[PDB]
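> Chains as they are written, first to last, in full-length UniProt numbering: chain A, 123 to 177, 195 to 244; chain B, 17 to 177, 195 to 454; chain C, 367 to 454.
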Amino acid sequence: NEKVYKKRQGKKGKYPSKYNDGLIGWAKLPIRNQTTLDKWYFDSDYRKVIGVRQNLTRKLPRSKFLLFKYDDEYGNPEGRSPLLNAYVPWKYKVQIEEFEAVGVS
Amino acid sequence: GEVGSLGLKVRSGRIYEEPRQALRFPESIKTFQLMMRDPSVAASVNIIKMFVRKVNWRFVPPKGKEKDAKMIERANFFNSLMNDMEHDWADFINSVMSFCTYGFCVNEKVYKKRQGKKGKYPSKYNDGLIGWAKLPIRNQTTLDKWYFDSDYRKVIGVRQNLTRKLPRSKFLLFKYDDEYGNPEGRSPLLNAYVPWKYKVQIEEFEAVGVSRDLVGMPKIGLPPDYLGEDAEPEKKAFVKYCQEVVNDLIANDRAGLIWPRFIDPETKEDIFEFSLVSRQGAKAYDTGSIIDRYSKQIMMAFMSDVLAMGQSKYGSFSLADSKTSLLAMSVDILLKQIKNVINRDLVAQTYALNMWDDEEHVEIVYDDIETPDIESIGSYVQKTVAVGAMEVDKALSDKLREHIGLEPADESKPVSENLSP
Amino acid sequence: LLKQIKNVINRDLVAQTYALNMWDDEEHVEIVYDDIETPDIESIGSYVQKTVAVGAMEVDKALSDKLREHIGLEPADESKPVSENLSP
């Protein structure tokens, strides 16, 4: 979620906002989708490299976004989706269901 | 003196304890991924990780000297610096929780100095004190060889494949069931390997069998002269229509058939033969019951019956309760192991290296996974204090109130009397 | 999962908001979450009512606020109390 910071509070424009205490604030993206991120930029020895592009391309730096890790184990950016440990039952369930429907037909 | 040695296997640096080739580090990693693929194993080793990552940690001075200002300020500094790490404490617990999948997890301590920020590892507390940052972390599949020490006694050192060899005192080792002092410990998957293999085999056989259940498929019997290339164009059209029937026929409402038929005068049998393929037997073994039995055994191995059976009224997830479940007790053992490792390791290193050099150290403590049965605690207190016995003090008054979920009452703001009866 | 988001909050937006706006204070401001559903009042009700008459609990504004918030109310204003003329 690439953070976008609205500036001096005060109607003005760019990303309009209530309050006029001329203080920094947030607006717009977040947003973002997982099908756009192509490459994750590393950092020398691969230690602590939280940066990725969004491939036209919109390569973003490390400190510009929030990343949420589900079951981060080896400190990999993608983490581990809960769907990972449900692949085997699903694949078995779907095919056997599909054989049943064909069988009735 | 150590007249003997706890020589475990010491084959070629790699620990050859496990007599099965598959479950040794070069291939044990794959084997563990394969077994992790299984649903039952995944959920059983996920609930334990769940329970560990559920509780939080807060540094506490020892039983005595808890009123000393030095100990209190040391606890405050320890907690603040724990929050000062670039990876949160919960993230460290996450990285450790590879614990279950392999039985060990290395974590090289990377210290840090505030130095008024402006450094490699920025901080937020300007005191110029030593601290921790970055790794921990580390991967189990990278460690190639474990370096021993002469008589094999107390040699916790390994590489991470000039070289990248790490020293003994630079990383923490979290072993599961260390009995022979083997660095890899013993992953819980080891005593669940066999039921897993049986279940996966039978399940694959069952899936293949379901796939090849060709009972009831249409079979068309044509005379050999029909099949060919020199066959008359009409016969070719006949075969083509039979192909269309085979590939398209369903059980819709206009389902039917008009087949040619001719009982040959000789042999008294029809030549055109349309029928459904039929089997004259039944499968010997009932695979479903077998797979259910093996799944039950797998859940028994990790003592995670609550996953299938459900929450029973004879158990609970509260350690402090008298009805603690077996799996909760295992989680307690794991937490105690983590606590002891942390205490003898990095806390001691920070206490010594940073100077100070005080005999008494500060330990880390953990709360309960779930609060005990509130009603039972209330009943106990009511039936034991109104007679005397337990003396009411500040300790009970804060313990029960935090069991509710609050923090010790602020006498500065009591409740009004007007706003009451 | 809820705690995990709170942990990402450490380096991320609030720290960015705090640091960029300057200030540079040691203590930070943290985000919290409420409960998914209200706890069972009957156990809570049985607890307090049968343990304050013996002692243990020290009655506090926090106690009188959490208990009243469980129903769904807000901390009572002492300025206006409930009347007694009707209360028979």
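Note that the Cβ used here is the ideal one computed from N, Cα and C, for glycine as well.
Could you tell me which of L22(B), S445(B) and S308(B) sits nearest to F164(B), measuring between CA atoms?
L22(B)
> Check whether the stretch 350-357 of chain B and the stretch 72-80 of chain B touch, using three or more Cβ-Cβ pairs below 8 Å as the test.
no
> Give the residues of chain B in contact with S220(A), contact being defined as C-beta atoms less than 8 Å apart.
Contact note: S220(A) does not reach chain B at a C-beta cutoff of 8 Å; the least C-beta distance is about 13 Å.
> Could one say the Cβ of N387(C) lies closer than 8 Å to chain A's Cβ atoms, at least one of them?
yes
> Go ahead and pull the three-state DSSP assignment for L429(C).
Reduced to three states, the DSSP call for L429(C) is helix.
> So if DSSP puts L206(B) in a beta bridge, which residue, or which two residues, is it bridged to?
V122(B)
> Just the Cα atoms here: how many angstroms apart are residue 455(B) and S412(C)?
In this structure chain B extends from 17 to 454, so residue 455(B) is not present and cannot be described.
> When the Cα atoms are used, what is the spatial distance from residue 181(B) to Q313(B)?
Any structural detail on residue 181(B) is unavailable, because chain B resumes at 195 straight after 177.
> Specify the secondary structure class of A334(B) as computed by DSSP and reduced to three states.
helix
> Can we count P55(B) as close to the ligand COA, meaning its CB is less than 7 Å from some heavy atom?
What this structure holds is no ligand at all, so the ligand COA is not there to describe.
> Give me whichever residues DSSP pairs with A149(B) in a beta bridge.
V126(B)
> For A240(A) versus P55(B), is the C-beta distance shorter than 8 Å?
no
> Tell me whether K252(B) sits in a helix, a strand or coil according to DSSP, three-state version.
Strand.
> When you compare the stretch 52-71 of chain B with the stretch 228-248 of chain B, are there three or more beta-carbon pairs, one atom per stretch, that lie closer than 8 Å?
Output reads yes: the stretch 228-248 of chain B touches the stretch 52-71 of chain B.
> Please check if any C-beta of chain C sits within less than 8 Å of the C-beta of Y327(B).
no
> Can you confirm whether the stretch 325-333 of chain B touches the stretch 380-388 of chain B when touching is taken to mean that 3 or more C-beta pairs between the two stretches lie within less than 8 Å?
no
> I'd like the list of long-range same chain contacts for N95(B), defined as Cβ closer than 7 Å, with 5 residues on each side in sequence excluded.
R74 and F75
> Could you check the C-alpha separation between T320(B) and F93(B) for me, to the nearest Å?
60 Å
> Mapping the DSSP letters down to three states, classify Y137(B) as helix, strand or coil.
coil
> Could you give the distance in angstroms between the alpha-carbon of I64(B) and the alpha-carbon of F207(A)?
22 Å
> Indicate whether at least one CB of chain C lies closer than 8 Å to the CB of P138(B).
no
> Quick one: grab the DSSP three-state call for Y226(A).
helix
> Residues of chain A with CB closer than 9 Å to the CB of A284(B), please, in chain order.
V243 and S244
> Mind listing the chain C neighbours of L429(B)? Cutoff is C-beta to C-beta under 8 Å, in chain order.
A422
> Suppose only complete runs of 3+ residues qualify. What are the beta strand (DSSP E) ranges in the stretch 374-446 of chain B, listed by chain order?
Secondary structure in the stretch 374-446 of chain B: the beta strand (DSSP E) runs of 3 residues or longer, each lying completely within the stretch, are 396-399 in chain order.
> Going by other Cβ atoms of all chains shown within 10 Å of its Cβ, with 16 needed for buried, is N142(B) buried or exposed?
exposed
> What in chain B is Cβ-close to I235(A), meaning under 8 Å?
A240 and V243
> If we count the other Cβ atoms within 10 Å of its Cβ and call it buried at 16 or more, is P441(C) buried or exposed?
exposed
> Of the residues that make up the stretch 388-422 of chain C, which ones have a beta carbon closer than 7 Å to any beta carbon in chain B?
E392, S409, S412, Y413, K416, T417, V420, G421 and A422
> Using 10 angstroms around the beta-carbon of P152(B), count the other beta-carbons present and answer buried if the total reaches 16, otherwise exposed.
The C-beta of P152(B) has 16 or more other C-beta atoms within 10 Å across all chains shown, which makes the residue buried.
> Under 8 Å between C-beta atoms, does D378(C) make it to chain A?
yes
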